[PDB]
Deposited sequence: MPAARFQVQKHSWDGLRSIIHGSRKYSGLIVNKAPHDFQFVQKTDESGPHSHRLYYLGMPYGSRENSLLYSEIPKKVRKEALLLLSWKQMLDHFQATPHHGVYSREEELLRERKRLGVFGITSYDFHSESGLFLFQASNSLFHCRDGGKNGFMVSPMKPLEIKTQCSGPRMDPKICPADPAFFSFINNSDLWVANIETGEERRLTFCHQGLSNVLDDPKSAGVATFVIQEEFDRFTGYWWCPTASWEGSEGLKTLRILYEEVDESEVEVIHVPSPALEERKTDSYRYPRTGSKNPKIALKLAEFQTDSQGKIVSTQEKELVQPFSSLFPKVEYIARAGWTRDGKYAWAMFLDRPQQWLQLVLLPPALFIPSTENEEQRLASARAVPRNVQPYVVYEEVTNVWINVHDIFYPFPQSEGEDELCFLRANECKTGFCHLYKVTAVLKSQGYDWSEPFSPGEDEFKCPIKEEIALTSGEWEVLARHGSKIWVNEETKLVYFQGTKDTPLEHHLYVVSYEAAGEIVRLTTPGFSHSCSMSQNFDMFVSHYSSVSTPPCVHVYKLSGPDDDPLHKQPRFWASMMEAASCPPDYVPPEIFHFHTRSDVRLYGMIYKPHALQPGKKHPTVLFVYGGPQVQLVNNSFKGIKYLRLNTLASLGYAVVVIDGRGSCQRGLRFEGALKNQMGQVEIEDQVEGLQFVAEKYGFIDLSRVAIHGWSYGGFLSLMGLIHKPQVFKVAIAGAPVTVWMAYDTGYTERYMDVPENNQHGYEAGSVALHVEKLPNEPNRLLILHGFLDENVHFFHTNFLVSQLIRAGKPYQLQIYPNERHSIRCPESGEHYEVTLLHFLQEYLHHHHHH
């Protein structure tokens, strides 16, 4: 028996959607301290209320109390010693002080601005760690520093001339370019040295900043529509499409000297004694960089172009020399560099799948001595699972004369590994990406981390010793997925957590127990920062399940059961898909904020299936690697298998009436489904589809698919715009949605698809969101999308 949905009018559907729409603190900082043990600073937006700086006070004892959000006036930089906060707001840079001297505020303060003699925006501000009088920023693609006390400002780099013709001005300093931001999750191009040196002479403080210089001259340009549509203009962007040139890159060191008063006596640009391209010829990208805590060595994390070969490399300051046009000066400087100064490759990761860039690298101070370096490192390529390892490298300098031009041989600068011991292991992951981090207590010799040990459906907080690794203690309660911040003193932590059934809350927990057994400290709930909002009456949590493919692989999925289900009757079904790498849709956390519309579907009597197929993350490199060089192929197989399983198990699925719908990669796969499984999928709604892989960027596309010339078959197979002949020659089976200003998945993708559909004589329906980028931010756009989708389903799913 066939369940049909009530057909409603357009305004009826608007009423439903408008009605549904009626239905968090972050960037936490614990600070030691009356009856208050600590103050917790954070960002938040209360009920009624833009986002602002807030704090809350933790008592020494609490009753065997929901913490009040106190006001202080998207990110902020903080100096624990001085209590200096620095933050952007209202198109300027502001600062305030709390803690340290003058104790703690008991009432809101006015934020003191830092005005300038600078033209245009001041981006990517950071305080100088060694000396909080100073801070840094980028201005017209160059690095500046300034003094908050004196008001002095100094430009350090001279890459960007600021010429009239923008295409004739390719060089930047301190800047993360497009692919680095979008595909490598790095938003800065410079790094404060944490210490001052006193190089000699008058003994003036020298401060140092490592920075990436880039030259985008050879990189391809594209034009994207400006947001102010009425101007009918575009902006130019350097977009390295797969197979094209990435930027020319190079690490440099800026230094400047300061007196006792804090006045800037001098500055200088330094560069590597040989070119970066000479020393590191097979590096395509700088993934990450930083410094050892002592400032003895700068370090960088390098990637080759295929993203199969990563290196952590130390660069000492002595390896940089004054930049100069004078050839005679250059050679003199190169000659003056000690022979025992050199780069040291302290680690190398290699794989035949790909290098996922993990953020975890913790270099220990050289308590041992100057002859070696110990560090913690997240490594995935060893076991195919991301785990913590304690590595020790040997730093013995081979003689080098840097005045000579020099060609690196095989394994140049490679350090012997004295020790390499795995602190974690097993068929589960330490989470080391996209904000996940470790916290290391050198007093107790313990590493805190998050992982999927208990289950891939839940993030939990664990603890292990890095001296003599053994028992792994979990600190978080099962039946929830947890996102944790640790106090700097390792006494308390925050968990933002939820489950599929319970909306999110934010709790502070206390680590209590005998100090002589720190590994087995007990977590005890202390206070709440936010209790869970009430689940709306018209909200029914989805049900997580799992099943085993014909190839004997465990896949997880969800079902939103049709509300007011009756037995016997089969309901029309929406397969909601993403299906691409770096994502996991199915886990035990609350879906009602981001995916409310799926519940709305189910309330009208659509069944909603979600399947995390092979390619999805939190399941190890082998699982995700299944789609290597053949995107589209594996993924659809698993979507079908999961749909068929759910029909068999749950019984209320009408397989004659299935819609496939996703965004981005999900839009791509929606089209693959209709192309390759027309008898499964009656309709497709493809959001912002990738239709041609040749038109996507280097960083992402090449990682997973190689360059086009090396994988013609895979590119062609997985480029849905090339397979338009196989799309249905029946109307009302294909709806395309795309934001016009999208600068990730260019509108080009949809435009070229439509172009090919016209050439193939195929029917299509189309909706554009003229004011939207990739993600639909504006609420009217969202409502319109949702109403369009409900209408489409009610009309064209029988």
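Novice: Where are the gaps relative to the deposited sequence?
Specialist: Since the structure holds only modelled residues, the stretches it omits are 1-3, 27-33, 44-47, 64, 80-82, 92-121, 847-851.
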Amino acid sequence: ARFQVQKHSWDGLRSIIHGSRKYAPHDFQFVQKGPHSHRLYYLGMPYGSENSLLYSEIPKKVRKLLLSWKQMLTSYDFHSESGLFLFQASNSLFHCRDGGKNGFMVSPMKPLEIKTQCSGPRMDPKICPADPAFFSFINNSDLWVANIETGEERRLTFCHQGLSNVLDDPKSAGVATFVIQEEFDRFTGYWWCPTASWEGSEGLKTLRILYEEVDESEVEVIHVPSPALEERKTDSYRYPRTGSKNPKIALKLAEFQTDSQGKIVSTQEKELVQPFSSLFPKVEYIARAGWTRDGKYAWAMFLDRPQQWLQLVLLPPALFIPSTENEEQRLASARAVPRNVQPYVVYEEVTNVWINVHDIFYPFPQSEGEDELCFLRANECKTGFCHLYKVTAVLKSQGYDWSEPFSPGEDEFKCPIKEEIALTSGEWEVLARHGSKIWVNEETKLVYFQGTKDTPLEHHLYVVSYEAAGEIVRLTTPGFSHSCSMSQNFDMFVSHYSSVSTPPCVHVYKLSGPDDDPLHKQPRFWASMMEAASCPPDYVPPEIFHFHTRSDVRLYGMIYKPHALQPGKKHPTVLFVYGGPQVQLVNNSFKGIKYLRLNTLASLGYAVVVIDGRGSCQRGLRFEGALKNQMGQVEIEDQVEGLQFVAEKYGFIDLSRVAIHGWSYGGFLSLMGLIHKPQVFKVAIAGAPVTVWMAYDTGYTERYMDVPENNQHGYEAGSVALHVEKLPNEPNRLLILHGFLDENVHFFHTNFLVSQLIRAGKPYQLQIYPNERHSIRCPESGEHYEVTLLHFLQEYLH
From here on, numbers count along this sequence of modelled residues.
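The term rigid core refers to the maximal set of C-alpha atoms that superpose within 1.5 Å between the two forms.
Novice: Rigid core superposition, C-alpha RMS per stretch in 5 other deposited structures of this protein: which comes out larger, 153-161 or 711-719?
Specialist: Once the cores are fitted, 153-161 deviates more in 5 other deposited structures of this protein.
Novice: After a core fit, does 296-304 or 560-568 show the bigger CA gap to the shown form in 5 other deposited structures of this protein?
Specialist: The stretch that sits farther from the shown form in 5 other deposited structures of this protein is 560-568.
Novice: Looking across the other entries that model both neighbours, is residue 64 missing in at least a third?
Specialist: Counting only entries that model residues on both sides, residue 64 is unresolved in at least a third of them.
Novice: Could you tell me whether residue 536 lacks coordinates in at least a third of the other compared entries whose models cover its neighbours on both sides?
Specialist: Residue 536: unmodelled in a third or more of the comparison entries.
Novice: Looking only at CA atoms, which has the higher mean B factor in the entry: 426-434 or 520-528?
Specialist: Looking at the recorded C-alpha B-factors, 520-528 comes out higher on average.
Novice: Compare the mean C-alpha B-factor of 348-356 with that of 396-404 as given in the PDB entry, and name the stretch with the higher value.
Specialist: On average, C-alpha B-factors are higher across 396-404.
Novice: Among the candidates 58, 768, 734, 758, give the one with the maximum CA B-factor reported in the record.
Specialist: The C-alpha B-factor peaks, among 58, 768, 734, 758, at 58.
Novice: Looking at 589, 234, 157, 92, which one carries the largest C-alpha B-factor according to the PDB entry?
Specialist: Highest CA B-factor of the listed options: 92.
Novice: Taking the C-alpha B-factors as the PDB entry records them, is residue 784 in the lowest, middle or highest third of its chain?
Specialist: Bottom third by C-alpha B-factor.
Novice: When the deposited Cα B-factors of this chain's modelled residues are ordered and cut into thirds, is residue 211 in the lowest, the middle or the highest one?
Specialist: Tercile = lowest for this residue's CA B-factor.
Novice: Could you place residue 706 in the lowest, middle or highest third of its chain by Cα temperature factor, using the values in the record?
Specialist: Answer is lowest: the recorded C-alpha B-factor places it there.
Novice: Would you mind ranking residue 115 by its C-alpha B-factor against the rest of the chain and naming the third, lowest, middle or highest?
Specialist: For residue 115, whose C-alpha B-factor we compare with every modelled residue in the chain, the answer is the highest third.
Novice: Should residue 798 be placed in the lowest, middle or highest third of its chain by the C-alpha B factor in the entry?
Specialist: Highest third.
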